[PDB]
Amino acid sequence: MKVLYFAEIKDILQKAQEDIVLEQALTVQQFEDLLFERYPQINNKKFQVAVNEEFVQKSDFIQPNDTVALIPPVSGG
């Protein structure tokens, strides 16, 4: 599973992406719990999660071979 980071989170984590091995599928909620135990310094930052380039709900499932993206509040234009 490829996690992608952007904007302020990329800056805080001092990295653009990473690969976390998953044995089994897990919910977006369980994924956030995983991320925040690894990186407490981003446990107070807002974002939506995108799974394979679509936004998802916390009850939606992430597969091991999926691509996941932390999308902070957008500011395009």
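Numbers follow the displayed sequence, beginning with 1.
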Notebook entry, point to check: Mind checking which third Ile20 falls in for C-alpha B-factor across the chain?
Noted result: highest
Note to self: Considering every modelled residue of the chain and its Cα B-factor in the PDB entry, is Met1 in the lowest, middle or highest third?
What the structure shows: highest
Margin query: Per the entry's values, where does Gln30 land by CA temperature factor relative to the rest of its chain, in the lowest, middle or highest third?
Written below: lowest
Next item on the list: Place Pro73 in the lowest, middle or highest third of its chain's C-alpha B-factors, as listed in the PDB entry.
Entry: middle
